[PDB]
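Take a look at the structure below.
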Ligand SMILES: [Zn+2]
């Protein structure tokens, strides 16, 4: 019910899985080394 979209650090592919605190398995490479791909876009001017 709680699905979060996560992005991978090693195979760089995203998987929409449930939010699992004990480990969200990337189905692409069997790795738990993942970030969240639901990163919110904020508008800020930076030079
Ligand atoms: Zn992966």
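As a convention, Cβ positions derive from the backbone with ideal geometry for all residues, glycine included, and neighbour counts pool all protein chains shown. Values quoted throughout were computed directly from the atomic coordinates according to the rules given, and no laboratory measurement underlies them.
Which pairs do you get when a residue that is over 11 Å from residue 4 (Cβ atoms), found in the range 21-47, comes within reach of a residue that is more than 16 Å from the ligand (Cβ to nearest atom) and in a loop (DSSP other than H, G, I, E, B), reach meaning Cβ atoms under 7 angstrom, with the pair 6+ apart or on two chains?
Listed pairs, sorted by first residue: none to list.
Of the numbered conditions (1) free of Cβ contacts under 8 Å to residues at least 12 places away in the same chain; (2) near the ligand (Cβ under 8 Å from one of its atoms); (3) surrounded by 10 or more Cβ atoms within 10 Å (Cβ to Cβ), residue 8 fails exactly one; give the number of that condition.
Every condition holds for residue 8 apart from (1).
With respect to residue 18, determine if the residue is loosely packed, with under 12 Cβ neighbours inside 10 Å and free of Cβ contacts under 8 Å to residues at least 60 places away in the same chain.
Here the answer is yes, as residue 18 does meet what is asked.
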